[PDB]
């Protein structure tokens, strides 16, 4: 039983637009902040790589569907490129080519028995909106509503699973470093919090829009995908446990407390630590923006499920470190990783499968067991088809998730592996491989070929259980 997926549980794979599509300026698509980063700052990216072509999924989407069908995916999670649909960011111009592309992909999926799950925003802000300041500028919340209206109107007759945002915890960091994630702006501890505030407002507007203009007719579900690492106390002390709770609240709670709790608002520890630090540093005003009571009420409850992106764990101990100002410093935890944990091709990603179970329990207890869809989980190597590390990563994480479901009563409702194929890995370019299908980026045809992990995942999806040879 503990090794069998619940009957209604949905299994599949995931991608993101800038990581796979290419066709960056084709057929009316406008420029986004990743076009800007990779074109103007190739020194920020391994090998000076760009997403100009990537997997060429703009042209090769039928090949993506073919491999999803081979895999036996029930659901395909992909994102829509805002600037492909609204090249100016604002909703004055709708690019028919973009509408046609996503309709073509959606229709191809449905014709092959695969359910689309659509992420509205996976990091590729139109440059015209970044030029207003991007996410720190609250005017983007209304622009995001207008973008979502276009998506619901055009695609919502066939798409019933939506994520507003993918991982704002990471993309807010684009406002916390001059050399980091797009748009690579150095306002740590100030502009990143403003970005979060706008994103939360935007999410809430999109959810209310769906309620008001679309839900009765379309009958779908709207969530948000949040990334979170497990944070294990470095020692069993109360003080180290406190630091791990700080981590959860500063990383997951930042977004989930306003939306998924009955109280709403930011977590108290976030408000209080930033208020105190801001006062101590001489600011008249806290660096953390505030919600009014009306806004707290508007934002809370804006969810039909919680998307979780889970990759790894950290150790947390009591203390403070980091630059002043920064969210890491504000969070009041000292973070490390255990040298004993298996490594990957990514410095940040260690293999800690039991952390996944711990995290799912933390979520269950904090948010009253919301339906959880695992929207990303995966592993990096530098290449190769005999990807035993990736196979072990998946089988262990799926086992731990299944224990969370069956032994712990966590309401996990689906899982999409990250990623369907090797793709443009942001600042890491093509140097880190997260796919279950390999892609030859030196071959203009970009063939997708299955790794051992794709074969094992196909076996899991077909049999609906963990094969015996991978059990404890």
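Positions refer to the first chain, counted from 1.
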- Query: Looking at the deposited entry, does 377 to 385 or 162 to 170 carry the larger mean Cα B-factor?
  - Reply: 377 to 385
- Query: 126 to 134 versus 215 to 223: which one carries the higher mean Cα B factor per the record?
  - Reply: 215 to 223
- Query: Which one, 61, 424, 34, 415, has the peak C-alpha temperature factor per the PDB entry?
  - Reply: 61
- Note on the structure: Listed options 363, 296, 202, 105: highest C-alpha B factor recorded at 105
- Task: Comparing against every modelled residue in the chain, figure out the third that the C-alpha B-factor of residue 258 lands in (lowest, middle or highest).
- Result: lowest
- Query: According to the PDB entry, is the CA B factor of residue 245 in the bottom, middle or top third of its chain, that is, lowest, middle or highest?
  - Reply: middle
- Message: Can you tell me whether residue 341 has a C-alpha B-factor in the lowest, middle or highest third compared with the other modelled residues of the same chain?
- Response: highest
- Note on the structure: Of the three thirds of the chain ranked by Cα temperature factor, residue 197 occupies the lowest
- Task: Tell me, lowest, middle or highest third: where does the Cα B factor of residue 323 rank within its chain?
- Result: highest
